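Methodologically, a virtual Cβ is constructed for each residue, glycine included, from the backbone with ideal geometry; neighbour enumeration extends over all protein chains shown. Readers should treat all values here as calculations from the given coordinates under stated rules, not as data from a laboratory.
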Amino acid sequence: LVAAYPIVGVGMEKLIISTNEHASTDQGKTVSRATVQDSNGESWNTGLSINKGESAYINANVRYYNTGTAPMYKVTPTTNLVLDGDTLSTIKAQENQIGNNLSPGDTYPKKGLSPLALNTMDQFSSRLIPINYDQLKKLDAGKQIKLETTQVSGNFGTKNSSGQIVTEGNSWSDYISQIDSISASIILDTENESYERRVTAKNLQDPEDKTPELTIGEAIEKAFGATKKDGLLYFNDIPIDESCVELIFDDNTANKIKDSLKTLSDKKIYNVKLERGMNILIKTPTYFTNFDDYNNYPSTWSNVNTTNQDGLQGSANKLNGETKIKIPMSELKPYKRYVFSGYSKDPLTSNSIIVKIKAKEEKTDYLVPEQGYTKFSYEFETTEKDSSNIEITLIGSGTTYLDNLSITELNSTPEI
Amino acid sequence: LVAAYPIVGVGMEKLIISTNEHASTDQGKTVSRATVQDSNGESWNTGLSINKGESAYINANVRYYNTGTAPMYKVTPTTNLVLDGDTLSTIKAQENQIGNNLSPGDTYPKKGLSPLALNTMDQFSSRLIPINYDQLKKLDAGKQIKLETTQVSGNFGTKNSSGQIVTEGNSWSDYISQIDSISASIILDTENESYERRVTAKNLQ
């Protein structure tokens, strides 16, 4: 129920520009004697020229990387060079920039090597890629380029009757679209790697279709090799729940999940039914604060007491006080939109203190909805490498802990 | 009674013109002493040239879009560049502007990407497309160009006995005209998309 399906991306490293200028120097000497008169002179000449159109060649340094569950024999991408709201050239890789093998979770070339270079647009490698003079003006003013992936072409391996395998005429393109017609897309992101899988779903409309269906929690348990331990889910000693990560849906799948959850008699998002086209992102958080165990924190929380600390569902400690954490900027990533999120309790007056500069310095009352356990989430923006401290401080009157709280990355969020 | 029949169109985004000019600057110094007389001078030179015919290269930014009930494996269109009641060049897409997949009701590239570029007329990508000087006059006066679709060439997928599917030698061209001989054409347009189908009819004769 999980399809072998390699994903290929291209990463940019550096860009080398080259001006196709022309320079020249000349020197001459003149002597004359005529009948009495003489003449001796020296002439110098300095010259420079340039002909627009093929006035700036370029080359780019890329490397490839795989993520999925399959290799990709004889890989070939195509790229598009965008400069400023436009495109410059679309390049397919020729015979020189091709790649033989790509084992899943690796790179071409390997980790202990330097990147790859590409500079030509012709089918055989001649005639390097040019740049217009006004594009050279926009470039040397400071506006830099960026890259993309568009499509890839590669082969799989199958064995014939003689026991050897063949990779010739077996493309991967003619199985792309069909898979993307019948599957849901699940993307996990830890702090070291990423993973992207496709799991088939059940079209409930047409009744001849016999596909055994699952739920989204079952599909997460089935796709990744993840151990059910005491009912919860663990993956490479990492806890994964509906309560301990950050879930990202786009709005159409979010609306489907929304109007499907209202009719179900249980509030666990892992029990909703899977559907045909869904796009789910699971981001793990960096710093998790279960007050029973596993709090990877340098500084310690204040005003804690242990009567039934298990995370959610069992916290029953309700008293006055404050919790505070100061952690400097040095340990965390600069220039990124961090997200601080936790859960609820039933205190009466409780507010959050975030003194952090270059960010949301808004302090807000909690407005405790009920004694039922719901989330809360806020965001802020990271400055560049000061000793100024991250200071979180929860002042509460009638709760000393609720045992789920975290801060997370929220990546694809740069500053400038 | 409804035939699997993909329709392909081409959309224009932007056009980049480039002048194939030539510029040069030169500087020289002269000194002389003769027997008493002396001379010191400085010469400067500025020059520009242009040779008509291959006097303006261009590139265009297009994207593809599908509407119908089928994919189109290894898609390739052909386009015609019209300027002012005439044509300039007919371009088939080479190996660089080809497209692998096109799921119905989508685009190549995807929605979250930038468009595609095409600039060459040779079979292998060299010798970008030129523009006559008088066409450059008509262009820089303000008269802009527009694009078309003319024909497309692509493949379908069929499975052999071993359970895998093949897309090689199966063209879509040799089923175009037959369908357009026996069917009625129905085009629906909502405010977000469009749809175009072909339904077979009954020759009563």
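Looking only at segment A:34-53, which residues are buried (at least 17 other Cβ atoms within 10 Å of the Cβ) and not in a strand (DSSP E or B)? The answer is A:52, A:53.
Return only the number of the condition from (1) away from every other protein chain (no Cβ under 14 Å); (2) among the charged types (D, E, K, R); (3) not in a strand (DSSP E or B) that residue A:74 does not satisfy. Just one mismatch for residue A:74, condition (3). Out of all the residues in segment A:369-376, is one or more under 26 Å from residue A:412 (Cα atoms) and surrounded by 13 or more Cβ atoms within 10 Å (Cβ to Cβ)? Yes - at least one qualifying residue is present in segment A:369-376.
Condition test on residue A:211, is it farther than 21 Å from residue A:74 by Cβ and touching a helix residue (DSSP H, G or I) at 6+ places or on another chain (Cβ under 6 Å)? Criteria not met by residue A:211.
Quick check: is even one residue across segment A:266-288 within 15 Å of residue A:184 (Cα to Cα), in a loop (DSSP other than H, G, I, E, B) and among the acidic types (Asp, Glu)? Yes, segment A:266-288 contains at least one residue that is within 15 Å of residue A:184 (Cα to Cα), in a loop (DSSP other than H, G, I, E, B) and among the acidic types (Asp, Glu).
Residue-wise test of (1) over 28 Å from residue A:249 (Cβ atoms); (2) within 12 Å of another protein chain (Cβ to nearest Cβ); (3) within 20 Å of the chain's Cα centre (by Cα).
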{"position": "A:149", "(1), (2), (3)": "no, yes, yes"}
{"position": "A:155", "(1), (2), (3)": "yes, no, no"}
{"position": "A:163", "(1), (2), (3)": "yes, no, no"}
{"position": "A:167", "(1), (2), (3)": "yes, no, no"}
{"position": "A:170", "(1), (2), (3)": "yes, yes, no"}
{"position": "A:173", "(1), (2), (3)": "yes, yes, no"}
{"position": "A:176", "(1), (2), (3)": "no, yes, no"}
{"position": "A:189", "(1), (2), (3)": "no, no, yes"}
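Reported count of residues in segment B:191-203, each being within 14 Å of another protein chain (Cβ to nearest Cβ) and hydroxyl-bearing (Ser, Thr, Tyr), is 0. Restricting segment A:30-55 to residues that are more than 60 Å from the chain's Cα centre (by Cα), more than 9 Å from chain B (Cβ to nearest Cβ) and not β-branched (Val, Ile, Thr) leaves a set whose member that is farthest from residue A:129 (Cα to Cα) is A:34.
Applying the condition of being assigned to a strand (DSSP E or B), surrounded by 15 or more Cβ atoms within 10 Å (Cβ to Cβ) and in contact with a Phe, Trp or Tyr (Cβ under 8 Å, 6 or more places away or on another chain) to segment B:10-28 and asking which residue is farthest from the other protein chains (Cβ to nearest Cβ) yields B:10. Among residues of segment B:90-103 that are more than 10 Å from every other protein chain (Cβ to nearest Cβ) and at positive phi, none has a beta-carbon under 6 Å from a residue that is of a type in the set (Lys, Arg) and surrounded by 17 or more Cβ atoms within 10 Å (Cβ to Cβ) at least six positions away or on a different chain.
Among the residues of segment A:324-331, is there at least one that is assigned to a loop (DSSP other than H, G, I, E, B) and on the phi < 0 side of the Ramachandran plot? No, the conditions are met nowhere in segment A:324-331.
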